[PDB]
Amino acid sequence: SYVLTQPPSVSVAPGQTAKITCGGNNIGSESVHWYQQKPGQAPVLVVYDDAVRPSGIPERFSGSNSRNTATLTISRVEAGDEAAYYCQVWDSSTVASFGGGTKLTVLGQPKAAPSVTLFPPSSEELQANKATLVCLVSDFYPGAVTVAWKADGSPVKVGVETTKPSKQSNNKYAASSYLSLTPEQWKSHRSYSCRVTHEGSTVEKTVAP
Amino acid sequence: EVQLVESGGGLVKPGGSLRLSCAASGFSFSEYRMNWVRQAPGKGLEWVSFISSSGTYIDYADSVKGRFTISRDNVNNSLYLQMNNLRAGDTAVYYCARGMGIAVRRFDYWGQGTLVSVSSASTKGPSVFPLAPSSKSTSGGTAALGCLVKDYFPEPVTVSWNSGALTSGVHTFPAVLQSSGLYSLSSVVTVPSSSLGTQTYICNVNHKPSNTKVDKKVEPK
Amino acid sequence: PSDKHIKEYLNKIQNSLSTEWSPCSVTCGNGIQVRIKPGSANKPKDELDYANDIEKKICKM
């Protein structure tokens with residue numbers, strides 16, 4: 001199975017041209033396809049075999065595949081193009097394979113870094129032989145963040161459950177992340193950190209027992 | 001004039017089984033490769049299985065190998081996916097996709113999808129825990145207290161503060177849908193650090209599905 | 001004439017692909033003509049293996 005890797009987020013202003021990359025070593029030798037998935041609806045094939053378009057798709061959508069990078073270019077971007085875009089390959093010698101998806105965002109506001117707050121387990125939740133760290137992310141734009149947890153200094157990926165980013169009343173985005181611990185693992189370590197990455201930059205909050 | 005309508009999505013216990021359908025119209029079903037593609041909430045697309053025009057060739061993603069079995073009825077123009085011993089990671093929106101291409105293949109037409117949700121989840125009231133303000137911001141101009149509303153089912157929950165009298169700095173967050181099938185959420189209000197110790201702060205959690213109301217006092221520890 | 005170009009061209013003429021030779025891929029240069037090997041002429045077109053069921057021959061232009 002061929003692995004494809006796309007950037008998580010991609011932002012641009014209305015009328016400008018956005019490029020969504022799909023990387024892989026010697027991906028130029030493979031035939032890539034592209035899909036648009038607007039929130040709630042089914043994917044729509046916008047481009048197949050690298051650069052050919054199905055009927056009805058506007059000329060604004062264009063695909064190229066050179067060396068280690070396939071690219072779906074979107075020209076004169078409209079707000080309606082705000083969606084998720086997945087590259088995909090399936091050579092008959094292997095099985096199908098999708099990229100991770102790229103969230104296009106057409107910018108109607110200035111980019112905003114996220115505000116983070118991290119709450120440690122409550123003495124009343126330790127009471128019930130449980131422990132939940134609450135990391136709340138708010139007031140960011142575009143709506144695309146990565147959340148990572150780090151006990152002492154190592155990463156933790158079990159017990160983590162994170163939300164979709166959801167628009168707020170101010171038109172910025174919010175998200176929450178919960179890490180479930182046992183009361184032993186809580187007092188085990190000297191530190192626990194919520195690291196939130198957004199548009200290349202990171203905000204990290206720490207709590208200690 | 002081409003449509004793909006999936007059916008069979010619902011709730012199932014871990015280790016149970018389900019069977020999805022895809023009813024195809026507007027194209028000679030019997031001479032097209034069909035596929036199933038699923039998408040967990042907030043995550044990316046994942047190919048699951050494909051069956052060729054006749055059914056001679058069949059493959060599965062390693063994820064579902066051994067437990068899922070794809071089948072098609074070319075007389076009624078229908079596709080099926082029998083899913084056994086379902087786990088939590090199987091929770092996702094399942095699509096049936098028409099395949100096109102010989103040596104390098106694509107998915108040209110997609111249905112709207114059917115939701116499969118595998119959960120050991122039943123109506124359950126929340127455990128409401130206080131999120132006391134951090135002692136580092138207790139000295140300043142502003143602090144953030146809150147409430148954690150954990151493990152409840154189904155939606156919704158209503159959260160207020162001091163019985164509707166405190167709305168200014170309130171931020172109630174959208175809930176997370178855990179692997180277990182239950183919900184959790186938090187509600188934070190921002191207050192002046194001076195009013196800690198003089199003003200009382202109570203979050204008013206009400207989960208009507210369980211006739212459960214909780215008003216939890218939140219104090220600085 | 002790369003294996004990539006032969007595979008993409010097959011999808012281009014999928015409805016036309018037949019037992020007889022196809023139009024040459026190219027109008028300026030060199031390409032390939034493709035056909036379904038007589039032995040595989042009653043095989044569905046989505047089930048065709050690119051190597052063992054497709055006869056390929058270069059066309060000079």
# chains A, B, ... in the order shown; residues from 1 in each chain; ligands from 1
>>> interface_residues(of="chain A", to="chain B", cutoff="8 Å", atoms="only C-alpha atoms", output="PyMOL selection string")
chain A and resi 31+33+41-45+48-49+86+88-93+95-101+119-122+124-125+134+161-164+166+174-176
>>> interface_residues(of="chain B", to="chain C", cutoff="10 Å", atoms="only C-alpha atoms", output="list in words")
residues 30, 31, 32, 33, 51, 52, 53, 54, 55, 56, 57, 99, 100, 101, 102, 103, 104 and 105 of chain B
>>> write_last_selection(atoms="N, CA, C and O atoms", output="JSON list (two decimals), in the first residue's frame")
[["chain", "number", "residue", "atom", "x", "y", "z"],
["B", 30, "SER", "N", -24.30, -4.37, -12.98],
["B", 30, "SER", "CA", -23.62, -5.65, -13.04],
["B", 30, "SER", "C", -22.23, -5.58, -13.67],
["B", 30, "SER", "O", -21.49, -6.57, -13.60],
["B", 31, "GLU", "N", -21.85, -4.45, -14.27],
["B", 31, "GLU", "CA", -20.56, -4.33, -14.95],
["B", 31, "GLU", "C", -19.78, -3.14, -14.40],
["B", 31, "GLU", "O", -19.23, -2.32, -15.14],
["B", 32, "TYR", "N", -19.71, -3.05, -13.07],
["B", 32, "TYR", "CA", -18.95, -2.01, -12.40],
["B", 32, "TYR", "C", -18.41, -2.54, -11.09],
["B", 32, "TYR", "O", -19.12, -3.24, -10.35],
["B", 33, "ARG", "N", -17.16, -2.21, -10.79],
["B", 33, "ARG", "CA", -16.57, -2.55, -9.51],
["B", 33, "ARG", "C", -17.11, -1.61, -8.44],
["B", 33, "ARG", "O", -17.09, -0.39, -8.61],
["B", 51, "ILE", "N", -15.33, -5.22, -4.46],
["B", 51, "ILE", "CA", -15.80, -6.42, -5.15],
["B", 51, "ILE", "C", -15.94, -6.07, -6.62],
["B", 51, "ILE", "O", -16.41, -4.98, -6.97],
["B", 52, "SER", "N", -15.51, -6.98, -7.49],
["B", 52, "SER", "CA", -15.49, -6.70, -8.92],
["B", 52, "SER", "C", -16.87, -6.95, -9.53],
["B", 52, "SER", "O", -17.82, -7.35, -8.85],
["B", 53, "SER", "N", -16.98, -6.68, -10.83],
["B", 53, "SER", "CA", -18.27, -6.74, -11.52],
["B", 53, "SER", "C", -19.01, -8.03, -11.21],
["B", 53, "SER", "O", -20.22, -8.01, -10.93],
["B", 54, "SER", "N", -18.32, -9.16, -11.25],
["B", 54, "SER", "CA", -18.95, -10.46, -11.04],
["B", 54, "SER", "C", -18.83, -10.96, -9.61],
["B", 54, "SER", "O", -19.70, -11.71, -9.15],
["B", 55, "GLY", "N", -17.78, -10.57, -8.89],
["B", 55, "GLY", "CA", -17.49, -11.12, -7.58],
["B", 55, "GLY", "C", -16.32, -12.08, -7.55],
["B", 55, "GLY", "O", -16.05, -12.67, -6.50],
["B", 56, "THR", "N", -15.63, -12.25, -8.68],
["B", 56, "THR", "CA", -14.46, -13.13, -8.72],
["B", 56, "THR", "C", -13.33, -12.58, -7.86],
["B", 56, "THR", "O", -12.66, -13.34, -7.15],
["B", 57, "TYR", "N", -13.11, -11.27, -7.90],
["B", 57, "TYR", "CA", -12.01, -10.63, -7.20],
["B", 57, "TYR", "C", -12.54, -9.85, -6.00],
["B", 57, "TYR", "O", -13.49, -9.07, -6.13],
["B", 99, "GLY", "N", -16.48, 2.02, -8.50],
["B", 99, "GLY", "CA", -15.09, 1.99, -8.94],
["B", 99, "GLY", "C", -14.99, 2.16, -10.45],
["B", 99, "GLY", "O", -15.83, 1.69, -11.21],
["B", 100, "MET", "N", -13.93, 2.86, -10.87],
["B", 100, "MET", "CA", -13.64, 3.05, -12.28],
["B", 100, "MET", "C", -12.13, 3.07, -12.46],
["B", 100, "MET", "O", -11.39, 3.53, -11.59],
["B", 101, "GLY", "N", -11.69, 2.55, -13.59],
["B", 101, "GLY", "CA", -10.28, 2.44, -13.89],
["B", 101, "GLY", "C", -9.83, 0.99, -13.91],
["B", 101, "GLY", "O", -10.32, 0.15, -13.15],
["B", 102, "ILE", "N", -8.88, 0.69, -14.80],
["B", 102, "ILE", "CA", -8.41, -0.67, -14.97],
["B", 102, "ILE", "C", -7.15, -0.90, -14.14],
["B", 102, "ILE", "O", -7.18, -1.62, -13.14],
["B", 103, "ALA", "N", -6.04, -0.28, -14.55],
["B", 103, "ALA", "CA", -4.77, -0.48, -13.87],
["B", 103, "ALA", "C", -4.57, 0.46, -12.69],
["B", 103, "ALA", "O", -3.94, 0.08, -11.70],
["B", 104, "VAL", "N", -5.09, 1.69, -12.78],
["B", 104, "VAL", "CA", -5.06, 2.64, -11.67],
["B", 104, "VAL", "C", -6.49, 3.14, -11.47],
["B", 104, "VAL", "O", -7.10, 3.68, -12.40],
["B", 105, "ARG", "N", -7.01, 2.96, -10.26],
["B", 105, "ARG", "CA", -8.45, 2.95, -10.02],
["B", 105, "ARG", "C", -8.87, 4.10, -9.10],
["B", 105, "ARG", "O", -8.08, 4.60, -8.30]]
>>> residues_around(residues="region 190-196 of chain A", least_positions_apart="4", cutoff="9 Å", atoms="only C-alpha atoms", output="list in words")
residues 114, 116, 117, 118, 120, 133, 134, 135, 137, 145, 146, 147, 148, 149, 150, 151, 152, 153, 177, 186, 201, 202, 203, 204, 205, 206, 207, 208 and 209 of chain A
>>> closest_residue(among="B:13, B:38, B:136, B:72", to="residue 122 (chain B)", atoms="only C-alpha atoms")
B:13
>>> select_by_dssp(residues="chain C", states="helix (DSSP H, G or I)", output="number ranges by chain")
C: 3-12, 38-40
>>> atom_distance(atom1="CA of residue 161 (chain B)", atom2="CA of residue 137 (chain B)")
20.6 Å
>>> residues_around(residues="residue 22 (chain C)", least_positions_apart="4", cutoff="8 Å", atoms="only C-alpha atoms", output="NGL selection string")
:C and (16-18 or 33-35)
>>> atom_distance(atom1="CA of residue 30 (chain C)", atom2="CA of residue 65 (chain A)")
21.1 Å
>>> closest_residue(among="A:110, A:159, A:14, A:28", to="chain C", atoms="only C-alpha atoms")
A:28
>>> residues_around(residues="residue 78 (chain A)", least_positions_apart="5", cutoff="9 Å", atoms="only C-alpha atoms", output="list in words")
residues 13, 14, 15, 16 and 106 of chain A
>>> closest_residue(among="A:54, A:23, A:155, A:80", to="chain C", atoms="only C-alpha atoms")
A:54
>>> residues_around(residues="residue 115 (chain B)", least_positions_apart="3", cutoff="7 Å", atoms="only C-alpha atoms", output="list in words")
residues 9, 10, 92, 93 and 94 of chain B
